[PDB]
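Examination of the molecular architecture
This is what each chain is made of:
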Amino acid sequence: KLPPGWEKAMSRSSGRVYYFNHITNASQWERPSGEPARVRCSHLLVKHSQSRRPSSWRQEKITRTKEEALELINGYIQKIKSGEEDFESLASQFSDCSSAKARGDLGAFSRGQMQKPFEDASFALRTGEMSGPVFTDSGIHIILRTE
Ligand SMILES: *CCC(=O)c1cccs1
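X-ray crystallography is the method the PDB entry states for this structure, with the resolution given as 1.97 Å.

Next comes the structure, spelled out in structure tokens:
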């Protein structure tokens, strides 16, 4: 019954069922709804000391740990989900990628162009949906499918 990658799960704190996508790392209380040759996505990348290139326009030498990058990703996701902050706003200010200057937009792409975990999460998102933390050799991403 569930669309690609989704599974039912049990919430530790409340006991209420929720849904988790192991391809995108998304999670939500609501039952999910539901492939194209191309999708369009934006992202916010947080790099760490084990990133393929630990440098960015924000910081010449990125020194934070993988665990610290994941905490930062978690906090941005919280603020996007509560509406305190827009995704485009946080990507512009804090993404460790040159795509930050374009509010995180990467344009359209097909399968066979992106790093595999990014590509998989991108094509498993529905239009308008956001990923959880997505791990690649560049760092940790939040992905927003826009088309
Ligand atoms: C900053 C460059 C980067 O990590 C990516 C480019 C396209 C998808 S990830």
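1. A short note on the site of the ligand
The environment of the ligand is formed by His43, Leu45, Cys97, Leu106, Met114, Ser138 and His141. For the ligand, whose free accessible area comes to 290 Å², the fraction covered by protein is 75%. Considered class by class, the residues forming the shell around the ligand number four nonpolar, three polar and no charged.

2. Some words on the pattern of salt bridges
Here the structure, examined in full by the defined rule, presents seven salt bridges. With a closest N to O distance of 2.9 Å, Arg40 and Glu147 form a salt bridge. Of the two residues, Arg40 sits in strand β4 (residues 38-46) while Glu147 sits in the segment after β7 (139-145), which places them 107 residues apart along the sequence. Residue classification places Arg40 among the partly exposed residues on the basis of a relative accessible area of 29%. Among the salt bridges present, the one from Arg111 reaches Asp120, with a minimum N-O distance of 2.8 Å. On the basis of relative accessibility, which here comes to 37%, the residue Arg111 falls in the partly exposed class. Among the charged side chains, a network of salt bridges with common partners joins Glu35, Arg111, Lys116, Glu119 and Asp120.

3. Considering the pairing of strand β2 (residues 17-21)
Here five bridges tie strand β1 (residues 6-10) to β2, and the two strands are oriented antiparallel to one another. Residue pairing in the sheet places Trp6 in a bridge with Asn21 of β2. Connecting the antiparallel pair β1 and β2 is a turn made up of six residues, with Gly15 showing a positive phi of about 80°. Pairing of β2 with strand β3 (residues 27-28) involves two bridges; the strand directions are antiparallel. Within the sheet, the bridge partner assigned to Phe20 lies in β3 and is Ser27. Between the antiparallel neighbours β2 and β3 lie five residues, among them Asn25 with a positive phi of about 65°.

4. Some details on the sheet that holds β3
Within the open sheet, the three strands sit side by side as β1-β2-β3. Their pairing is antiparallel. The strands lining the two open edges of the sheet, one partner per strand, are β1 and β3.

5. Description of helix α1 (residues 66-82)
Taking 1.5 Å of rise per residue, the 17 residues of α1 would be expected to cover 24 Å, and the 25 Å separating its terminal C-alpha atoms lies within 8% of that figure. When α1 is considered as a whole, its buried residues turn out to be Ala69, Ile73, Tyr76, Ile77 and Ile80. With its buried residues spanning 105° around the axis, α1 presents them on a single face. Exposed side of α1, more than 90 degrees from the buried face: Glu67, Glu71 and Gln78 are the residues found there. Packing partners of the buried residues in α1 comprise β4, α2 (87-94) and β7.

6. As for the domain arrangement of the protein chain
Here the protein chain is described as being made up of domain 1 (1-32) and domain 2 (38-147). Put simply, the middle of domain 1 and the middle of domain 2, counted by C-alpha atoms, are 21 Å apart. The partner domain 2 presents 11 residues to the five residues of domain 1 that form the contact. Summing the contributions of domain 1 and of domain 2, the shared interface buries around 590 Å²; its carbon and sulfur component is 53%. Summed over the three residues of domain 1 that lose the most area to domain 2, namely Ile23, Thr24 and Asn25, the buried surface amounts to 67% of that side. Inspection of the domain 1/domain 2 interface yields zero salt bridges. Run the count over domain 1 and domain 2 and you get three residue pairs in polar contact.

How each quantity is defined
Residues numbered from 1 in each chain as written, not as in the entry; some residues may be left out. Heavy atoms only, no water. Residues with missing side-chain atoms left out of burial classes, pairs and counts. Near = heavy atom within 4 Å. Areas by Shrake-Rupley, 256 points an atom, 1.4 Å probe, with all protein chains shown as cover. Nonpolar A, V, L, I, M, F, W, Y, C, P; charged D, E, K, R; others polar. Salt bridge = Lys/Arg side-chain N within 4 Å of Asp/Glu carboxyl O. Helix = DSSP H or I, 4+ residues; strand = E, 2+ residues; numbered from the N terminus. Buried < 20%, exposed > 50% of the residue type's maximum accessible area, 1.4 Å probe, protein only. Pairing = 2+ DSSP bridges. Expected span 1.5 Å × (residues − 1). Arc of directions from axis to C-beta. Contact = heavy atoms within 4.5 Å. Domains from an automatic or database assignment. Buried area = accessible area lost by both parts, 1.4 Å probe. Polar contact = N/O pair within 3.5 Å; in protein donor to acceptor, adjacent residues only side chain to side chain.

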